[PDB]
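Student: Contents of entry15.txt (compact mmCIF, N, CA and C atoms):
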# COMPACT_ATOMS: atom_id res chain seq x y z
N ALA A 348 -130.97 145.13 22.68
CA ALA A 348 -129.89 145.43 21.76
C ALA A 348 -129.46 144.17 21.01
N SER A 349 -128.69 144.37 19.95
CA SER A 349 -128.16 143.25 19.19
C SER A 349 -126.98 142.63 19.95
N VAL A 350 -126.55 141.45 19.49
CA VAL A 350 -125.58 140.68 20.26
C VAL A 350 -124.16 141.23 20.11
N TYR A 351 -123.86 141.94 19.02
CA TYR A 351 -122.54 142.56 18.92
C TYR A 351 -122.44 143.79 19.81
N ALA A 352 -123.57 144.44 20.09
CA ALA A 352 -123.60 145.61 20.96
C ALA A 352 -124.49 145.36 22.18
N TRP A 353 -124.29 144.22 22.84
CA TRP A 353 -125.14 143.79 23.94
C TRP A 353 -125.12 144.77 25.11
N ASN A 354 -126.29 145.02 25.68
CA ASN A 354 -126.47 146.07 26.67
C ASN A 354 -126.16 145.52 28.06
N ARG A 355 -125.31 146.23 28.79
CA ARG A 355 -124.91 145.84 30.14
C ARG A 355 -125.49 146.84 31.13
N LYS A 356 -126.32 146.36 32.04
CA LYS A 356 -126.97 147.19 33.04
C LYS A 356 -126.46 146.80 34.42
N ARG A 357 -126.10 147.79 35.22
CA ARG A 357 -125.65 147.52 36.58
C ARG A 357 -126.85 147.37 37.50
N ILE A 358 -126.79 146.36 38.37
CA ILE A 358 -127.80 146.12 39.39
C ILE A 358 -127.11 146.25 40.74
N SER A 359 -127.55 147.22 41.53
CA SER A 359 -126.97 147.47 42.84
C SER A 359 -128.00 148.18 43.71
N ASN A 360 -127.86 147.97 45.02
CA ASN A 360 -128.69 148.59 46.07
C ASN A 360 -130.17 148.24 45.87
N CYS A 361 -130.45 146.94 45.88
CA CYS A 361 -131.81 146.45 45.73
C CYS A 361 -131.93 145.11 46.44
N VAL A 362 -133.15 144.76 46.82
CA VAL A 362 -133.47 143.41 47.28
C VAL A 362 -134.18 142.66 46.16
N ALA A 363 -133.66 141.50 45.80
CA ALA A 363 -134.06 140.80 44.59
C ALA A 363 -134.81 139.53 44.94
N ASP A 364 -136.00 139.38 44.37
CA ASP A 364 -136.82 138.18 44.52
C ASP A 364 -136.65 137.35 43.25
N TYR A 365 -135.79 136.35 43.31
CA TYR A 365 -135.58 135.46 42.18
C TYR A 365 -136.64 134.37 42.09
N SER A 366 -137.49 134.24 43.11
CA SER A 366 -138.54 133.22 43.08
C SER A 366 -139.60 133.51 42.03
N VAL A 367 -139.79 134.78 41.63
CA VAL A 367 -140.70 135.06 40.52
C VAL A 367 -140.05 134.75 39.18
N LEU A 368 -138.74 134.52 39.16
CA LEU A 368 -138.00 134.10 37.97
C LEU A 368 -137.99 132.58 37.87
N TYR A 369 -137.84 131.90 39.01
CA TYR A 369 -137.89 130.44 39.03
C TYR A 369 -139.30 129.93 38.75
N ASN A 370 -140.32 130.53 39.38
CA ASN A 370 -141.68 130.02 39.26
C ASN A 370 -142.38 130.41 37.96
N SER A 371 -141.81 131.30 37.16
CA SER A 371 -142.38 131.63 35.86
C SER A 371 -142.03 130.56 34.84
N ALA A 372 -143.03 130.11 34.09
CA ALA A 372 -142.86 129.09 33.07
C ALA A 372 -142.60 129.69 31.69
N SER A 373 -142.46 131.02 31.62
CA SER A 373 -142.26 131.69 30.34
C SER A 373 -140.85 131.51 29.78
N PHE A 374 -139.88 131.13 30.61
CA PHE A 374 -138.50 130.99 30.17
C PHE A 374 -138.28 129.57 29.67
N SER A 375 -137.80 129.44 28.43
CA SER A 375 -137.51 128.12 27.89
C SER A 375 -136.26 127.54 28.54
N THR A 376 -135.27 128.39 28.83
CA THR A 376 -134.04 127.95 29.46
C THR A 376 -133.78 128.84 30.67
N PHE A 377 -133.61 128.20 31.83
CA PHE A 377 -133.29 128.90 33.08
C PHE A 377 -132.19 128.06 33.71
N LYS A 378 -130.94 128.39 33.38
CA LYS A 378 -129.80 127.54 33.71
C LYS A 378 -128.73 128.35 34.42
N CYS A 379 -128.42 127.99 35.66
CA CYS A 379 -127.43 128.68 36.47
C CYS A 379 -126.19 127.81 36.62
N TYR A 380 -125.02 128.45 36.74
CA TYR A 380 -123.76 127.73 36.64
C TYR A 380 -122.98 127.71 37.95
N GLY A 381 -122.66 128.86 38.52
CA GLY A 381 -121.88 128.87 39.73
C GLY A 381 -122.70 128.91 41.00
N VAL A 382 -124.02 128.77 40.90
CA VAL A 382 -124.91 128.92 42.04
C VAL A 382 -126.19 128.15 41.73
N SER A 383 -126.81 127.61 42.77
CA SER A 383 -128.11 126.97 42.58
C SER A 383 -129.19 128.03 42.38
N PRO A 384 -130.19 127.75 41.53
CA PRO A 384 -131.28 128.72 41.34
C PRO A 384 -132.12 128.95 42.59
N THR A 385 -132.29 127.94 43.44
CA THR A 385 -133.13 128.09 44.62
C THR A 385 -132.40 128.70 45.81
N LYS A 386 -131.08 128.84 45.74
CA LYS A 386 -130.32 129.46 46.82
C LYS A 386 -130.14 130.96 46.62
N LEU A 387 -130.62 131.50 45.50
CA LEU A 387 -130.41 132.91 45.16
C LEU A 387 -131.12 133.85 46.12
N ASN A 388 -132.21 133.39 46.75
CA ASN A 388 -132.89 134.19 47.75
C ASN A 388 -132.19 134.19 49.10
N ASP A 389 -131.20 133.31 49.29
CA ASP A 389 -130.52 133.17 50.57
C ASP A 389 -129.15 133.82 50.59
N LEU A 390 -128.70 134.40 49.48
CA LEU A 390 -127.36 134.95 49.35
C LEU A 390 -127.40 136.44 49.05
N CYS A 391 -126.28 137.10 49.33
CA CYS A 391 -126.09 138.52 49.07
C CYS A 391 -125.01 138.67 48.00
N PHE A 392 -125.23 139.59 47.08
CA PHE A 392 -124.34 139.78 45.94
C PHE A 392 -123.99 141.25 45.75
N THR A 393 -122.89 141.46 45.04
CA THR A 393 -122.55 142.74 44.43
C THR A 393 -121.99 142.42 43.05
N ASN A 394 -121.80 143.48 42.25
CA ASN A 394 -121.44 143.39 40.82
C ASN A 394 -122.43 142.54 40.05
N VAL A 395 -123.71 142.85 40.20
CA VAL A 395 -124.74 142.14 39.46
C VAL A 395 -124.91 142.85 38.13
N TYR A 396 -124.87 142.10 37.04
CA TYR A 396 -124.98 142.69 35.71
C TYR A 396 -125.95 141.88 34.86
N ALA A 397 -126.81 142.58 34.13
CA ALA A 397 -127.75 141.94 33.22
C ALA A 397 -127.30 142.26 31.80
N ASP B 398 -143.93 104.09 36.05
CA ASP B 398 -144.67 105.31 36.35
C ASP B 398 -145.02 105.99 35.04
N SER B 399 -146.31 106.01 34.71
CA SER B 399 -146.81 106.50 33.43
C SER B 399 -147.55 107.81 33.63
N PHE B 400 -147.25 108.79 32.77
CA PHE B 400 -147.96 110.07 32.76
C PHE B 400 -147.77 110.71 31.39
N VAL B 401 -148.45 111.84 31.19
CA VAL B 401 -148.38 112.60 29.95
C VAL B 401 -147.98 114.03 30.27
N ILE B 402 -146.94 114.52 29.60
CA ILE B 402 -146.41 115.87 29.82
C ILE B 402 -146.22 116.55 28.48
N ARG B 403 -145.62 117.74 28.50
CA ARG B 403 -145.32 118.47 27.28
C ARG B 403 -144.04 117.94 26.64
N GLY B 404 -143.70 118.49 25.47
CA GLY B 404 -142.48 118.09 24.80
C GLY B 404 -141.21 118.71 25.35
N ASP B 405 -141.30 119.92 25.91
CA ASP B 405 -140.13 120.54 26.51
C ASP B 405 -139.90 120.12 27.95
N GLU B 406 -140.87 119.45 28.57
CA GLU B 406 -140.78 119.03 29.95
C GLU B 406 -140.17 117.64 30.11
N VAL B 407 -139.79 116.98 29.01
CA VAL B 407 -139.19 115.65 29.11
C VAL B 407 -137.76 115.70 29.62
N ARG B 408 -137.11 116.87 29.60
CA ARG B 408 -135.80 117.00 30.22
C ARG B 408 -135.88 117.03 31.73
N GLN B 409 -137.06 117.33 32.30
CA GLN B 409 -137.20 117.41 33.74
C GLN B 409 -137.44 116.06 34.40
N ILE B 410 -137.69 115.01 33.62
CA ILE B 410 -137.80 113.65 34.17
C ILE B 410 -136.40 113.07 34.15
N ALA B 411 -135.62 113.43 35.17
CA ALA B 411 -134.21 113.08 35.31
C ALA B 411 -133.76 113.36 36.74
N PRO B 412 -132.76 112.64 37.25
CA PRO B 412 -132.16 113.02 38.53
C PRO B 412 -131.44 114.36 38.47
N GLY B 413 -131.52 115.10 39.57
CA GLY B 413 -130.77 116.33 39.73
C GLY B 413 -131.21 117.48 38.86
N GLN B 414 -132.44 117.46 38.36
CA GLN B 414 -132.94 118.53 37.51
C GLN B 414 -133.68 119.58 38.33
N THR B 415 -133.55 120.82 37.90
CA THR B 415 -134.41 121.89 38.36
C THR B 415 -135.47 122.20 37.31
N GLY B 416 -136.71 122.36 37.75
CA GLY B 416 -137.84 122.40 36.83
C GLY B 416 -139.14 122.37 37.59
N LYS B 417 -140.23 122.32 36.83
CA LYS B 417 -141.55 122.62 37.37
C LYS B 417 -142.31 121.36 37.76
N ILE B 418 -142.43 120.41 36.82
CA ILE B 418 -143.04 119.12 37.12
C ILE B 418 -142.10 118.26 37.95
N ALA B 419 -140.80 118.59 37.93
CA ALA B 419 -139.85 117.94 38.82
C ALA B 419 -140.12 118.30 40.27
N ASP B 420 -140.50 119.55 40.53
CA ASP B 420 -140.73 119.97 41.91
C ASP B 420 -142.15 119.66 42.37
N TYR B 421 -143.16 119.92 41.54
CA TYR B 421 -144.54 119.85 42.01
C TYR B 421 -145.36 118.73 41.39
N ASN B 422 -144.82 117.96 40.45
CA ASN B 422 -145.60 116.86 39.89
C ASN B 422 -144.93 115.50 40.04
N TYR B 423 -143.65 115.38 39.67
CA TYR B 423 -142.99 114.07 39.64
C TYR B 423 -141.50 114.26 39.84
N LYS B 424 -140.98 113.79 40.97
CA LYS B 424 -139.57 113.96 41.31
C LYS B 424 -138.86 112.61 41.29
N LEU B 425 -137.69 112.57 40.65
CA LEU B 425 -136.79 111.43 40.65
C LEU B 425 -135.66 111.65 41.65
N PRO B 426 -135.23 110.63 42.37
CA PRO B 426 -134.14 110.81 43.33
C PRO B 426 -132.79 110.93 42.63
N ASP B 427 -131.81 111.43 43.39
CA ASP B 427 -130.46 111.58 42.86
C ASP B 427 -129.77 110.24 42.62
N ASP B 428 -130.11 109.22 43.42
CA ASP B 428 -129.59 107.87 43.25
C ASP B 428 -130.55 106.98 42.46
N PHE B 429 -131.28 107.55 41.52
CA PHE B 429 -132.24 106.79 40.73
C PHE B 429 -131.52 105.85 39.76
N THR B 430 -131.97 104.60 39.72
CA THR B 430 -131.55 103.64 38.71
C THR B 430 -132.76 103.15 37.93
N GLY B 431 -132.58 103.00 36.63
CA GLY B 431 -133.68 102.63 35.76
C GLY B 431 -133.61 103.39 34.46
N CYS B 432 -134.73 103.38 33.73
CA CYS B 432 -134.83 103.97 32.41
C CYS B 432 -136.09 104.82 32.30
N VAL B 433 -135.94 106.00 31.70
CA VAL B 433 -137.07 106.86 31.36
C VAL B 433 -137.38 106.69 29.88
N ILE B 434 -138.66 106.56 29.55
CA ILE B 434 -139.11 106.25 28.20
C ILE B 434 -140.04 107.37 27.78
N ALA B 435 -139.79 107.96 26.61
CA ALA B 435 -140.64 109.04 26.12
C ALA B 435 -140.85 108.91 24.62
N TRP B 436 -142.10 109.09 24.19
CA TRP B 436 -142.43 109.11 22.77
C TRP B 436 -143.57 110.09 22.53
N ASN B 437 -143.59 110.64 21.31
CA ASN B 437 -144.59 111.63 20.94
C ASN B 437 -145.96 110.99 20.79
N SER B 438 -146.98 111.65 21.34
CA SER B 438 -148.35 111.16 21.30
C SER B 438 -149.30 112.27 20.89
N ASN B 439 -148.93 113.02 19.85
CA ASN B 439 -149.80 114.07 19.33
C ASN B 439 -150.98 113.50 18.55
N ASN B 440 -150.85 112.29 18.02
CA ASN B 440 -151.95 111.66 17.29
C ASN B 440 -153.02 111.09 18.20
N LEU B 441 -152.71 110.84 19.47
CA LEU B 441 -153.65 110.22 20.39
C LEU B 441 -154.12 111.14 21.50
N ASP B 442 -153.22 111.90 22.12
CA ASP B 442 -153.56 112.70 23.30
C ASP B 442 -153.80 114.16 22.96
N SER B 443 -154.39 114.43 21.80
CA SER B 443 -154.65 115.80 21.37
C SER B 443 -155.95 115.82 20.59
N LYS B 444 -156.67 116.92 20.70
CA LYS B 444 -157.90 117.14 19.96
C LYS B 444 -157.86 118.51 19.31
N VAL B 445 -158.58 118.63 18.18
CA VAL B 445 -158.59 119.89 17.44
C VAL B 445 -159.33 120.97 18.23
N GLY B 446 -160.33 120.60 19.02
CA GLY B 446 -160.96 121.54 19.92
C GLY B 446 -160.25 121.75 21.23
N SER C 943 -77.24 128.96 69.54
CA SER C 943 -77.49 127.75 68.77
C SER C 943 -77.03 126.49 69.49
N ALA C 944 -76.89 126.55 70.81
CA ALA C 944 -76.47 125.38 71.57
C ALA C 944 -77.56 124.31 71.61
N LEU C 945 -78.82 124.74 71.73
CA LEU C 945 -79.96 123.84 71.88
C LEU C 945 -80.69 123.64 70.57
N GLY C 946 -79.95 123.58 69.46
CA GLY C 946 -80.58 123.52 68.15
C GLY C 946 -81.25 122.21 67.83
N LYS C 947 -80.85 121.13 68.51
CA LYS C 947 -81.42 119.82 68.21
C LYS C 947 -82.85 119.70 68.70
N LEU C 948 -83.14 120.25 69.89
CA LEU C 948 -84.51 120.25 70.39
C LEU C 948 -85.37 121.27 69.64
N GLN C 949 -84.79 122.44 69.35
CA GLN C 949 -85.51 123.49 68.65
C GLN C 949 -85.82 123.08 67.22
N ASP C 950 -84.99 122.22 66.63
CA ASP C 950 -85.25 121.68 65.30
C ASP C 950 -86.50 120.81 65.32
N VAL C 951 -86.64 119.96 66.34
CA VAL C 951 -87.82 119.10 66.46
C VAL C 951 -89.08 119.93 66.70
N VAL C 952 -88.97 120.95 67.56
CA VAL C 952 -90.10 121.83 67.83
C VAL C 952 -90.52 122.59 66.57
N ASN C 953 -89.55 123.10 65.82
CA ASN C 953 -89.83 123.84 64.59
C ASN C 953 -90.42 122.94 63.52
N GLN C 954 -89.93 121.70 63.40
CA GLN C 954 -90.49 120.76 62.43
C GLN C 954 -91.93 120.40 62.75
N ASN C 955 -92.24 120.17 64.03
CA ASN C 955 -93.62 119.83 64.39
C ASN C 955 -94.56 121.02 64.20
N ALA C 956 -94.11 122.22 64.58
CA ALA C 956 -94.94 123.41 64.40
C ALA C 956 -95.13 123.74 62.93
N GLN C 957 -94.10 123.51 62.11
CA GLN C 957 -94.21 123.77 60.68
C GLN C 957 -95.11 122.75 59.99
N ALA C 958 -95.09 121.49 60.45
CA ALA C 958 -96.01 120.49 59.92
C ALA C 958 -97.46 120.83 60.26
N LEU C 959 -97.71 121.28 61.50
CA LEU C 959 -99.05 121.73 61.87
C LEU C 959 -99.48 122.96 61.07
N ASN C 960 -98.56 123.90 60.84
CA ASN C 960 -98.89 125.10 60.08
C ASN C 960 -99.19 124.77 58.62
N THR C 961 -98.46 123.82 58.04
CA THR C 961 -98.74 123.37 56.68
C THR C 961 -100.09 122.67 56.60
N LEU C 962 -100.41 121.85 57.60
CA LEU C 962 -101.70 121.15 57.62
C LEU C 962 -102.86 122.12 57.77
N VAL C 963 -102.69 123.18 58.56
CA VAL C 963 -103.72 124.20 58.68
C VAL C 963 -103.82 125.02 57.40
N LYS C 964 -102.68 125.32 56.77
CA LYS C 964 -102.65 126.11 55.53
C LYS C 964 -103.31 125.36 54.38
N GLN C 965 -103.25 124.03 54.39
CA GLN C 965 -103.85 123.24 53.31
C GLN C 965 -105.38 123.32 53.28
N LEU C 966 -106.02 123.80 54.35
CA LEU C 966 -107.46 124.04 54.30
C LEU C 966 -107.82 125.23 53.43
N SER C 967 -106.89 126.15 53.19
CA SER C 967 -107.15 127.32 52.36
C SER C 967 -107.15 127.00 50.87
N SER C 968 -106.73 125.80 50.48
CA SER C 968 -106.69 125.41 49.08
C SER C 968 -108.00 124.76 48.67
N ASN C 969 -108.49 125.13 47.49
CA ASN C 969 -109.75 124.58 46.99
C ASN C 969 -109.58 123.27 46.24
N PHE C 970 -108.35 122.93 45.83
CA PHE C 970 -108.02 121.68 45.13
C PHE C 970 -108.84 121.49 43.85
N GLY C 971 -109.07 122.59 43.13
CA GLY C 971 -109.85 122.54 41.91
C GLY C 971 -111.32 122.83 42.08
N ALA C 972 -111.82 122.94 43.31
CA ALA C 972 -113.21 123.28 43.52
C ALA C 972 -113.43 124.78 43.37
N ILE C 973 -114.70 125.19 43.43
CA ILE C 973 -115.04 126.59 43.26
C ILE C 973 -114.62 127.42 44.47
N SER C 974 -114.54 126.79 45.65
CA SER C 974 -114.15 127.50 46.86
C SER C 974 -113.51 126.51 47.82
N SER C 975 -112.70 127.05 48.73
CA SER C 975 -112.10 126.23 49.77
C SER C 975 -112.96 126.18 51.03
N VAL C 976 -114.06 126.93 51.07
CA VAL C 976 -114.95 126.97 52.22
C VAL C 976 -116.13 126.05 51.94
N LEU C 977 -116.40 125.14 52.88
CA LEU C 977 -117.48 124.17 52.70
C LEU C 977 -118.85 124.82 52.81
N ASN C 978 -118.98 125.83 53.68
CA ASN C 978 -120.25 126.50 53.86
C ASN C 978 -120.66 127.29 52.63
N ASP C 979 -119.69 127.84 51.90
CA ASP C 979 -119.98 128.55 50.66
C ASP C 979 -120.53 127.60 49.60
N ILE C 980 -119.94 126.41 49.48
CA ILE C 980 -120.43 125.41 48.53
C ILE C 980 -121.81 124.91 48.94
N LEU C 981 -122.01 124.65 50.23
CA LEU C 981 -123.30 124.15 50.70
C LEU C 981 -124.40 125.20 50.65
N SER C 982 -124.05 126.48 50.66
CA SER C 982 -125.04 127.54 50.55
C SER C 982 -125.22 128.04 49.12
N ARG C 983 -124.32 127.69 48.20
CA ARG C 983 -124.45 128.14 46.82
C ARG C 983 -125.05 127.11 45.88
N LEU C 984 -124.88 125.81 46.15
CA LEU C 984 -125.15 124.80 45.14
C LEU C 984 -126.15 123.74 45.61
N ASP C 985 -126.84 123.15 44.64
CA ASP C 985 -127.65 121.97 44.88
C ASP C 985 -126.74 120.78 45.18
N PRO C 986 -127.22 119.81 45.96
CA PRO C 986 -126.39 118.64 46.34
C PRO C 986 -125.82 117.81 45.19
N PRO C 987 -126.46 117.70 43.99
CA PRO C 987 -125.75 116.99 42.90
C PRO C 987 -124.42 117.60 42.46
N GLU C 988 -124.28 118.92 42.43
CA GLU C 988 -122.99 119.51 42.08
C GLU C 988 -122.16 119.90 43.30
N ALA C 989 -122.83 120.20 44.42
CA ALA C 989 -122.11 120.40 45.67
C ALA C 989 -121.43 119.12 46.12
N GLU C 990 -121.98 117.96 45.75
CA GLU C 990 -121.33 116.68 46.02
C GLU C 990 -119.99 116.59 45.29
N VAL C 991 -119.94 117.06 44.04
CA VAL C 991 -118.70 117.05 43.27
C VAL C 991 -117.67 118.01 43.87
Could you write out this structure as structure tokens?

Tutor:
Amino acid sequence: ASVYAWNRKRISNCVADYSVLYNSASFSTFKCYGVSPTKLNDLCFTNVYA
Amino acid sequence: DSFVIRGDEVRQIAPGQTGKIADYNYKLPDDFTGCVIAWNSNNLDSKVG
Amino acid sequence: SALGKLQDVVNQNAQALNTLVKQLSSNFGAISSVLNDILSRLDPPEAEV
């Protein structure tokens, strides 16, 4: 979607492998703010939104 | 320490960075002191083939 | 209220201990007041801060 009508998808009830996101070189910017990128596999979350 | 990398990978030669050559090729410590030097070498380290 | 002088000392010491315990719940500008949350969420360059 366009940026004025940006699409919000709920992520819930899943096990997430962020290591395929860290190890992929396709992303020009992979920058996390309130959490380390390598600790994402060690934590549990709710209210995940893309 | 001399090496050749890409143009977008020069941000990863720094303390406290997350990245690819930082993890598996060349890591700088968090208490690193010194200077990192980078310049473009497309005229020398590149071939048309 | 006959024994208020001793009870005042007891209440002051217990209140000072309660304030000192309560001060652990404050984050003092950090992201969390729990050390384990910071150590499990962040890399050491920003977890140090």

Student: Could you work out which residues of chain B fall inside 8 Å of chain A? Count all atoms listed in the file, and format the result as a VMD selection string.

Tutor: chain B and resid 415 to 417

Student: With N, CA and C atoms retained, could you export that selection as a PDB file, in the coordinates of the input?

Tutor:
ATOM      1  N   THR B 415    -133.550 120.820  37.900  1.00  0.00           N
ATOM      2  CA  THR B 415    -134.410 121.890  38.360  1.00  0.00           C
ATOM      3  C   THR B 415    -135.470 122.200  37.310  1.00  0.00           C
ATOM      4  N   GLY B 416    -136.710 122.360  37.750  1.00  0.00           N
ATOM      5  CA  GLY B 416    -137.840 122.400  36.830  1.00  0.00           C
ATOM      6  C   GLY B 416    -139.140 122.370  37.590  1.00  0.00           C
ATOM      7  N   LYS B 417    -140.230 122.320  36.830  1.00  0.00           N
ATOM      8  CA  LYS B 417    -141.550 122.620  37.370  1.00  0.00           C
ATOM      9  C   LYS B 417    -142.310 121.360  37.760  1.00  0.00           C
TER      10      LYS B 417
END

Student: Near chain C, which residues of chain A fall within 6 Å when you count all atoms listed in the file, and what do they look like as number ranges by chain?

Tutor: A: 381-383, 386

Student: Mind running chain B against chain C at 8 Å and telling me each contacting residue's nearest atom pair with the distance in Å (one decimal), counting all atoms listed in the file, chain and number ascending, as a Markdown table?

Tutor:
| residue | atom | partner | partner_atom | distance |
| --- | --- | --- | --- | --- |
| B:412 | C | C:987 | CA | 7.7 |
| B:413 | CA | C:987 | CA | 6.0 |
| B:427 | CA | C:987 | CA | 7.2 |

Student: Could you jot down the atom N of residue 429 of chain B to atom N of residue 411 of chain B separation for me, Å, one decimal place?

Tutor: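 Atom N of residue 429 of chain B sits 9.7 Å away from atom N of residue 411 of chain B.
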
Student: Quick one: pull the distance between atom CA of residue 964 of chain C and atom N of residue 976 of chain C, Å, one decimal.

Tutor: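 These two atoms are separated by 12.3 Å.
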
Student: What is the distance, in Å and to one decimal place, between atom CA of residue 407 of chain B and atom CA of residue 374 of chain A?

Tutor: 15.4 Å

Student: As number ranges by chain, please: all residues of segment 408-444 of chain B that backbone DSSP puts in helix (DSSP H, G or I).

Tutor: B: 408-409, 417-421

Student: Please identify all polymer residues lying at most 8 Å from the point (-123.5, 142.0, 43.9) (file coordinates), using all atoms listed in the file, and present the result as a list in words.

Tutor: residues 358, 359, 360, 391, 392, 393, 394, 395 and 396 of chain A
